[PDB]
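Engineer: Coordinates in protein_23.pdb, PDB, C-alpha atoms, are listed below.
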```pdb
MODEL        1
ATOM      1  CA  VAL A   1      -4.077  29.904   0.663  1.00  0.00           C
ATOM      2  CA  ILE A   2      -5.648  33.330   1.170  1.00  0.00           C
ATOM      3  CA  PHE A   3      -8.705  34.409  -0.817  1.00  0.00           C
ATOM      4  CA  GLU A   4     -10.470  37.674  -1.611  1.00  0.00           C
ATOM      5  CA  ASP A   5     -12.267  38.450   1.652  1.00  0.00           C
ATOM      6  CA  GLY A   6     -15.959  37.590   1.413  1.00  0.00           C
ATOM      7  CA  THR A   7     -15.790  34.447  -0.728  1.00  0.00           C
ATOM      8  CA  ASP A   8     -17.520  31.261   0.464  1.00  0.00           C
ATOM      9  CA  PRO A   9     -15.224  29.130   2.668  1.00  0.00           C
ATOM     10  CA  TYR A  10     -16.314  25.764   1.246  1.00  0.00           C
ATOM     11  CA  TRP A  11     -15.955  27.180  -2.254  1.00  0.00           C
ATOM     12  CA  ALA A  12     -12.332  28.007  -1.482  1.00  0.00           C
ATOM     13  CA  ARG A  13     -11.794  24.590   0.108  1.00  0.00           C
ATOM     14  CA  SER A  14     -13.480  22.787  -2.795  1.00  0.00           C
ATOM     15  CA  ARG A  15     -11.322  25.034  -4.971  1.00  0.00           C
ATOM     16  CA  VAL A  16      -7.879  24.364  -3.514  1.00  0.00           C
ATOM     17  CA  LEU A  17      -8.736  20.662  -3.652  1.00  0.00           C
ATOM     18  CA  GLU A  18      -8.278  20.339  -7.423  1.00  0.00           C
ATOM     19  CA  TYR A  19      -4.702  21.635  -7.352  1.00  0.00           C
ATOM     20  CA  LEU A  20      -3.942  19.459  -4.332  1.00  0.00           C
ATOM     21  CA  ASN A  21      -5.086  16.307  -6.130  1.00  0.00           C
ATOM     22  CA  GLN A  22      -2.308  16.460  -8.715  1.00  0.00           C
ATOM     23  CA  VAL A  23       0.260  17.317  -6.044  1.00  0.00           C
ATOM     24  CA  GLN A  24      -0.415  14.266  -3.881  1.00  0.00           C
ATOM     25  CA  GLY A  25       1.701  11.825  -5.880  1.00  0.00           C
ATOM     26  CA  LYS A  26       4.536  14.337  -6.076  1.00  0.00           C
ATOM     27  CA  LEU A  27       4.829  14.201  -2.286  1.00  0.00           C
ATOM     28  CA  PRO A  28       7.617  12.096  -0.674  1.00  0.00           C
ATOM     29  CA  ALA A  29       7.342   8.459   0.450  1.00  0.00           C
ATOM     30  CA  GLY A  30       4.512   8.552   2.974  1.00  0.00           C
ATOM     31  CA  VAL A  31       3.838  12.175   3.856  1.00  0.00           C
ATOM     32  CA  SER A  32       0.201  13.156   3.374  1.00  0.00           C
ATOM     33  CA  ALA A  33      -1.474  16.496   2.675  1.00  0.00           C
ATOM     34  CA  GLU A  34      -3.898  17.185   5.518  1.00  0.00           C
ATOM     35  CA  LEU A  35      -6.559  19.816   4.868  1.00  0.00           C
ATOM     36  CA  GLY A  36      -7.469  22.393   7.507  1.00  0.00           C
ATOM     37  CA  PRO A  37     -10.572  21.683   9.607  1.00  0.00           C
ATOM     38  CA  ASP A  38     -13.983  23.214   8.911  1.00  0.00           C
ATOM     39  CA  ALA A  39     -13.199  25.823  11.556  1.00  0.00           C
ATOM     40  CA  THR A  40     -11.319  29.086  12.024  1.00  0.00           C
ATOM     41  CA  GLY A  41      -9.001  30.629  14.603  1.00  0.00           C
ATOM     42  CA  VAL A  42     -11.750  30.788  17.217  1.00  0.00           C
ATOM     43  CA  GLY A  43     -13.223  27.294  17.059  1.00  0.00           C
ATOM     44  CA  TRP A  44     -11.122  26.431  20.101  1.00  0.00           C
ATOM     45  CA  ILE A  45     -14.098  25.988  22.425  1.00  0.00           C
ATOM     46  CA  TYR A  46     -13.283  23.454  25.141  1.00  0.00           C
ATOM     47  CA  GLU A  47      -9.902  22.271  26.432  1.00  0.00           C
ATOM     48  CA  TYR A  48      -9.222  19.558  29.019  1.00  0.00           C
ATOM     49  CA  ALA A  49      -6.513  17.249  30.356  1.00  0.00           C
ATOM     50  CA  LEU A  50      -6.369  13.611  31.441  1.00  0.00           C
TER      51      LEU A  50
ATOM     52  CA  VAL B   1     -29.355  11.710   1.668  1.00  0.00           C
ATOM     53  CA  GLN B   2     -25.835  10.273   1.755  1.00  0.00           C
ATOM     54  CA  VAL B   3     -22.592   9.876  -0.184  1.00  0.00           C
ATOM     55  CA  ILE B   4     -21.477   6.335  -1.023  1.00  0.00           C
ATOM     56  CA  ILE B   5     -17.863   5.165  -1.272  1.00  0.00           C
ATOM     57  CA  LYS B   6     -17.474   1.556  -2.420  1.00  0.00           C
ATOM     58  CA  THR B   7     -14.009   0.003  -2.644  1.00  0.00           C
ATOM     59  CA  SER B   8     -13.675  -3.514  -4.063  1.00  0.00           C
ATOM     60  CA  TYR B   9     -11.176  -5.909  -2.493  1.00  0.00           C
ATOM     61  CA  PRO B  10     -11.357  -9.432  -4.004  1.00  0.00           C
ATOM     62  CA  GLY B  11     -10.911 -12.558  -1.885  1.00  0.00           C
ATOM     63  CA  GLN B  12     -10.347 -10.723   1.382  1.00  0.00           C
ATOM     64  CA  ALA B  13     -11.933 -11.736   4.676  1.00  0.00           C
ATOM     65  CA  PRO B  14     -14.225  -9.186   6.381  1.00  0.00           C
ATOM     66  CA  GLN B  15     -11.553  -8.431   8.996  1.00  0.00           C
ATOM     67  CA  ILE B  16      -8.769  -7.726   6.503  1.00  0.00           C
ATOM     68  CA  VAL B  17     -11.110  -5.590   4.393  1.00  0.00           C
ATOM     69  CA  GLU B  18     -11.783  -3.604   7.570  1.00  0.00           C
ATOM     70  CA  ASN B  19      -8.153  -2.849   8.418  1.00  0.00           C
ATOM     71  CA  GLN B  20      -6.924  -2.261   4.860  1.00  0.00           C
ATOM     72  CA  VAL B  21      -9.795  -0.191   3.478  1.00  0.00           C
ATOM     73  CA  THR B  22     -12.828   0.466   5.686  1.00  0.00           C
ATOM     74  CA  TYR B  23     -10.758   1.693   8.636  1.00  0.00           C
ATOM     75  CA  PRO B  24      -8.698   4.445   6.966  1.00  0.00           C
ATOM     76  CA  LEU B  25     -11.759   5.533   4.990  1.00  0.00           C
ATOM     77  CA  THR B  26     -14.253   5.836   7.839  1.00  0.00           C
ATOM     78  CA  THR B  27     -11.871   7.250  10.460  1.00  0.00           C
ATOM     79  CA  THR B  28     -10.594   9.976   8.131  1.00  0.00           C
ATOM     80  CA  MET B  29     -14.182  10.710   7.088  1.00  0.00           C
ATOM     81  CA  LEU B  30     -15.111  11.564  10.674  1.00  0.00           C
ATOM     82  CA  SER B  31     -13.801  15.068  10.001  1.00  0.00           C
ATOM     83  CA  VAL B  32     -15.677  15.834   6.778  1.00  0.00           C
ATOM     84  CA  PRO B  33     -17.979  18.810   7.505  1.00  0.00           C
ATOM     85  CA  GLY B  34     -21.684  17.976   7.316  1.00  0.00           C
ATOM     86  CA  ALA B  35     -21.316  14.335   8.314  1.00  0.00           C
ATOM     87  CA  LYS B  36     -23.983  13.360  10.839  1.00  0.00           C
ATOM     88  CA  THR B  37     -22.930   9.712  10.974  1.00  0.00           C
ATOM     89  CA  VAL B  38     -20.612   7.380   9.058  1.00  0.00           C
ATOM     90  CA  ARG B  39     -21.487   3.785   8.168  1.00  0.00           C
ATOM     91  CA  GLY B  40     -18.783   1.204   7.524  1.00  0.00           C
ATOM     92  CA  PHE B  41     -19.438  -2.168   5.911  1.00  0.00           C
ATOM     93  CA  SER B  42     -16.638  -4.725   5.799  1.00  0.00           C
ATOM     94  CA  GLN B  43     -17.874  -7.626   3.693  1.00  0.00           C
ATOM     95  CA  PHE B  44     -15.662 -10.438   2.434  1.00  0.00           C
ATOM     96  CA  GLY B  45     -14.541  -8.874  -0.835  1.00  0.00           C
ATOM     97  CA  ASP B  46     -15.995  -5.362  -0.699  1.00  0.00           C
ATOM     98  CA  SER B  47     -16.012  -2.178   1.382  1.00  0.00           C
ATOM     99  CA  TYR B  48     -19.216  -0.124   1.433  1.00  0.00           C
ATOM    100  CA  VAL B  49     -18.804   3.186   3.269  1.00  0.00           C
ATOM    101  CA  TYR B  50     -21.771   5.512   3.797  1.00  0.00           C
TER     102      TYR B  50
ENDMDL
END
```
Represent the structure of the file as structure tokens.
Structural biologist:
Amino acid sequence: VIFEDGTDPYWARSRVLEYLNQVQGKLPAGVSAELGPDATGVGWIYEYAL
Amino acid sequence: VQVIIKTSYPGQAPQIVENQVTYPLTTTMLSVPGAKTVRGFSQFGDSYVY
């Protein structure tokens, strides 16, 4: 969901949330609607492997 | 300052309250932006999440 550049991120997130609330029950058996993290396409700071 | 999320669960042992309610609540709350810490209370019959 793309907004008009400049708008507050959390506003947008707290905005999309209302039209995702009524669409949760409409979703299949047990698939959930996961919301994007509080980060962008740069938050990738530290990677590692076990 | 904190947000409270109480979920009532009659006649359920502390352990069952944990797995059925407190667990999915707390764990999924770990990723809510602004959360310093998350408190989980599994009492026999109720689930107080802070």
Engineer: Can you pull out the residues contacting residue 36 in chain A? Cut-off 12 Å, using all atoms listed in the file, and skip same-chain residues under 4 positions away; I want them as an NGL selection string.
Structural biologist: (:A and (1 or 9-10 or 12-14 or 16-17 or 40-41)) or (:B and (31-33))
Engineer: By how many Å are CA of residue 47 in chain A and CA of residue 25 in chain B apart?
Structural biologist: 27.3 Å
Engineer: When you draw a straight line from CA of residue 27 in chain B to CA of residue 39 in chain B, how long is it in Å?
Structural biologist: 10.5 Å
Engineer: Enter the distance from CA of residue 22 in chain B to CA of residue 47 in chain B, in Å, rounded to one decimal.
Structural biologist: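 We find that CA of residue 22 in chain B and CA of residue 47 in chain B lie 6.0 Å from each other.
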Engineer: What lies within 12 Å of residue 5 in chain B using only C-alpha atoms, ignoring chain neighbours under 2 positions off, as a list in words?
Structural biologist: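 So, after excluding close chain neighbours, the residues are residues 2, 3, 7, 8, 21, 22, 25, 26, 29, 38, 39, 40, 41, 46, 47, 48, 49 and 50 of chain B.
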Engineer: Got a sec: who's within 12 Å of residue 21 in chain A, counting only C-alpha atoms, leaving out chain neighbours fewer than 4 positions off, as a PyMOL selection string?
Structural biologist: chain A and resi 14-17+25-27+32-35
Engineer: Name every residue that the PyMOL selection byres ((chain B and resi 15) around 12) selects in this structure, writing the answer as a ChimeraX atom specification with chains first and numbers rising.
Structural biologist: /B:9,11-14,16-23,41-47
Engineer: As an mmCIF file, keeping the file's coordinate frame, could you write out range 12-30 of chain B once it has been completed with N, CA and C atoms?
Structural biologist:
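To be explicit, this is the file written out as out-v4.cif:
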```cif
data_model
loop_
_atom_site.group_PDB
_atom_site.id
_atom_site.type_symbol
_atom_site.label_atom_id
_atom_site.label_comp_id
_atom_site.auth_asym_id
_atom_site.auth_seq_id
_atom_site.Cartn_x
_atom_site.Cartn_y
_atom_site.Cartn_z
ATOM 1 N N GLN B 12 -10.848 -11.155 0.087
ATOM 2 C CA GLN B 12 -10.347 -10.723 1.382
ATOM 3 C C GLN B 12 -11.407 -10.893 2.461
ATOM 4 N N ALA B 13 -11.026 -11.541 3.555
ATOM 5 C CA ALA B 13 -11.933 -11.736 4.676
ATOM 6 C C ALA B 13 -12.433 -10.397 5.208
ATOM 7 N N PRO B 14 -13.627 -10.397 5.813
ATOM 8 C CA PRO B 14 -14.225 -9.186 6.381
ATOM 9 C C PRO B 14 -13.255 -8.405 7.265
ATOM 10 N N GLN B 15 -12.474 -9.104 8.083
ATOM 11 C CA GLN B 15 -11.553 -8.431 8.996
ATOM 12 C C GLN B 15 -10.431 -7.698 8.270
ATOM 13 N N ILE B 16 -9.855 -8.341 7.259
ATOM 14 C CA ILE B 16 -8.769 -7.726 6.503
ATOM 15 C C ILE B 16 -9.284 -6.544 5.681
ATOM 16 N N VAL B 17 -10.477 -6.687 5.114
ATOM 17 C CA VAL B 17 -11.110 -5.590 4.393
ATOM 18 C C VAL B 17 -11.273 -4.381 5.310
ATOM 19 N N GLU B 18 -11.611 -4.649 6.568
ATOM 20 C CA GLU B 18 -11.783 -3.604 7.570
ATOM 21 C C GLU B 18 -10.505 -2.797 7.767
ATOM 22 N N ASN B 19 -9.417 -3.494 8.077
ATOM 23 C CA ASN B 19 -8.153 -2.849 8.418
ATOM 24 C C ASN B 19 -7.447 -2.187 7.237
ATOM 25 N N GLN B 20 -7.633 -2.741 6.044
ATOM 26 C CA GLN B 20 -6.924 -2.261 4.860
ATOM 27 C C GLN B 20 -7.668 -1.145 4.136
ATOM 28 N N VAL B 21 -8.992 -1.133 4.250
ATOM 29 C CA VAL B 21 -9.795 -0.191 3.478
ATOM 30 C C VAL B 21 -10.829 0.570 4.308
ATOM 31 N N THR B 22 -11.734 -0.160 4.950
ATOM 32 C CA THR B 22 -12.828 0.466 5.686
ATOM 33 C C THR B 22 -12.322 1.390 6.788
ATOM 34 N N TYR B 23 -11.311 0.931 7.519
ATOM 35 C CA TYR B 23 -10.758 1.693 8.636
ATOM 36 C C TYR B 23 -10.260 3.080 8.231
ATOM 37 N N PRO B 24 -9.262 3.142 7.334
ATOM 38 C CA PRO B 24 -8.698 4.445 6.966
ATOM 39 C C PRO B 24 -9.734 5.354 6.317
ATOM 40 N N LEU B 25 -10.687 4.763 5.606
ATOM 41 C CA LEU B 25 -11.759 5.533 4.990
ATOM 42 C C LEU B 25 -12.647 6.175 6.047
ATOM 43 N N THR B 26 -13.316 5.343 6.838
ATOM 44 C CA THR B 26 -14.253 5.836 7.839
ATOM 45 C C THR B 26 -13.608 6.833 8.801
ATOM 46 N N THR B 27 -12.518 6.424 9.442
ATOM 47 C CA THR B 27 -11.871 7.250 10.460
ATOM 48 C C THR B 27 -11.485 8.635 9.946
ATOM 49 N N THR B 28 -10.994 8.699 8.712
ATOM 50 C CA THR B 28 -10.594 9.976 8.131
ATOM 51 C C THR B 28 -11.812 10.757 7.647
ATOM 52 N N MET B 29 -12.939 10.065 7.502
ATOM 53 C CA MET B 29 -14.182 10.710 7.088
ATOM 54 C C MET B 29 -14.876 11.387 8.260
ATOM 55 N N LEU B 30 -14.499 11.002 9.475
ATOM 56 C CA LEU B 30 -15.111 11.564 10.674
ATOM 57 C C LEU B 30 -15.020 13.086 10.701
#
```
